[PDB]
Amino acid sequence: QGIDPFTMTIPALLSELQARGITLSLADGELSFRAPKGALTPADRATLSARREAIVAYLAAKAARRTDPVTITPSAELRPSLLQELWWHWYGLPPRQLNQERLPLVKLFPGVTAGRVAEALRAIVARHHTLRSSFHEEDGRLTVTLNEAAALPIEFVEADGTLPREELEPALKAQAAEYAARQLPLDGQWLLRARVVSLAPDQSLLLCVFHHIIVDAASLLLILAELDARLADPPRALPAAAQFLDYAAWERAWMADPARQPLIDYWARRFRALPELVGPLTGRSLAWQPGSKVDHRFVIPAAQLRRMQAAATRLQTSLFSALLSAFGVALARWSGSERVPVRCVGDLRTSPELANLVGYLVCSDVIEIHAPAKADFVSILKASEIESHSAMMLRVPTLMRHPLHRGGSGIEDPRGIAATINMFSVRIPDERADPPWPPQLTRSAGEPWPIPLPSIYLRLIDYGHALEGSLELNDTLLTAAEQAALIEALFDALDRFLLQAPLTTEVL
């Protein structure tokens, strides 16, 4: 619990009161509290009185939140979703699309014929109607149509499955790479392509590419799970799934309700108050600008990842939260600013009604991490956990997703926050006790972004046995010395706060 409740954030103030058995509620503009007798102290009452405006604003936002159950009713309307409009109008149709428009799927199906794989894939496409979307503009109005699943041209090619493991693996890897590198234009007829490689009469390799406007990473996992179930012998039952087209109608209705206005206003106000980070050596604003996207990839192997999970347990927190706090501390140290906003990528599938919905359901949780040099890590961690829970409770689907060229309600454009983090876990099927630190880094070639590029974007996937990371940077905005210092700051934070949680004597 903080020392000065008068200057805590409202989420932290409310959480502190919650831990002492005091819960606040808003009804008809009247603010009230429920607690055991004498729990609310005169000092509490003075704080609540001094900060009444902010408290009631926060509570009105909370009243406008998405509440369970999310009840999706079938919709006769076929129209672009709010997020599809944001994507289409922001990214446009450049002659070469950004690589992030394409999401590949690569899966070997031992024992299964190419025809059975293609049949299962086509049935998936027939089932989740959003997969068949096709977009075009008429008079500036974006419109969507559905292809017929029967018309999907699934390609069949062959490879010699009897080749030795050490020639066959590179050949298949090169086939997948070439396939995934082809353009999948946003205005194309189909927003996916599928190809089956027959390794043998009963050995098949599936290669798909889906357009990111229609499919998120969680949906790729859903598609793989549905494939495994359909191709098992005998096939397993398929869990029911709502349709994204129906969700899209529900979401447009939910967003157009004036009841949302307290929530929108809350976020808009918070974003006006966000500080600006600058290059530590350049003083340039770190708001998003065009540039060259360079990816710095690394893998934390099993032993170190296990130490990190142990440290996270000892801090009574998730691995995600520990990593988010280390990232914020690294950014504070690197930038020189003790207040660091971070855009955290999340998944709107947080209720059973949305569990198996195939589509685009990516969202953002924006928090502000405070790392004063006098503080300890666990304290920053605890504060950030509170901010993360509040942000997740108060999610708005369009919030800091894609930038805007116009308009908006002040919550949509993410360009003013330099740093994004995107962490998730995968649990679908190294061990050196001698891993170096820092882990080995591979620097990618630069991808040209003629449009604003996330200045700093840390992607992390926890596979259980390893943690894959990619620090994507605007190599045109950050100097090489700035980039190296940020990498050093990141690895130092990870080591100090998460790794370090026979005896020799040396003179120092």
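Residue numbers run from 1 along the displayed sequence.
Enquirer: Scan the PDB entry between residue 429 and residue 430 and report the missing deposited residues as one of none, 1 to 3, 4 to 9, 10 or more.
Expert: Missing residues, residue 429 to residue 430: 4 to 9.
Enquirer: Higher mean Cα B-factor in the deposited model: 376 to 384 or 114 to 122?
Expert: Between 376 to 384 and 114 to 122, it is 376 to 384.
Enquirer: If you take the mean CA temperature factor per stretch, which one wins between 403 to 411 and 338 to 346?
Expert: According to the PDB entry, the answer is 403 to 411.
Enquirer: Per the entry, which of 420, 183, 309, 134 tops the list for Cα B factor?
Expert: Max CA B-factor in the entry, restricted to 420, 183, 309, 134: 309.
Enquirer: Could you say which of 440, 444, 470, 455 has its CA atom at the highest B factor, as listed in the PDB entry?
Expert: That would be 440.
Enquirer: Could you look up the Cα B-factor of residue 275 in the entry and say which third of the chain it sits in: lowest, middle or highest?
Expert: Highest third - that is where residue 275 ends up once the chain's C-alpha B-factors are sorted.
Enquirer: Among all modelled residues of this chain, ranked by Cα B factor, put residue 167 in the bottom, middle or top third, i.e. lowest, middle or highest.
Expert: As the PDB entry reports it, the C-alpha B-factor of residue 167 lands in the highest third of its chain.
Enquirer: Can you tell me whether residue 103 has a C-alpha B-factor in the lowest, middle or highest third compared with the other modelled residues of the same chain?
Expert: According to the entry, residue 103 has a C-alpha B-factor in the chain's lowest third.
Enquirer: Consider only the C-alpha atoms of the modelled residues in this chain, order them by B-factor as the entry records it, and name the third containing residue 57: lowest, middle or highest.
Expert: Its C-alpha B-factor, which the entry lists for residue 57, ranks in the middle third among residues of this chain.
Enquirer: Among the modelled residues of its chain, does the C-alpha B-factor of residue 64 lie in the lowest, middle or highest third?
Expert: Ranked within chain, residue 64 CA B lands in the middle tercile.
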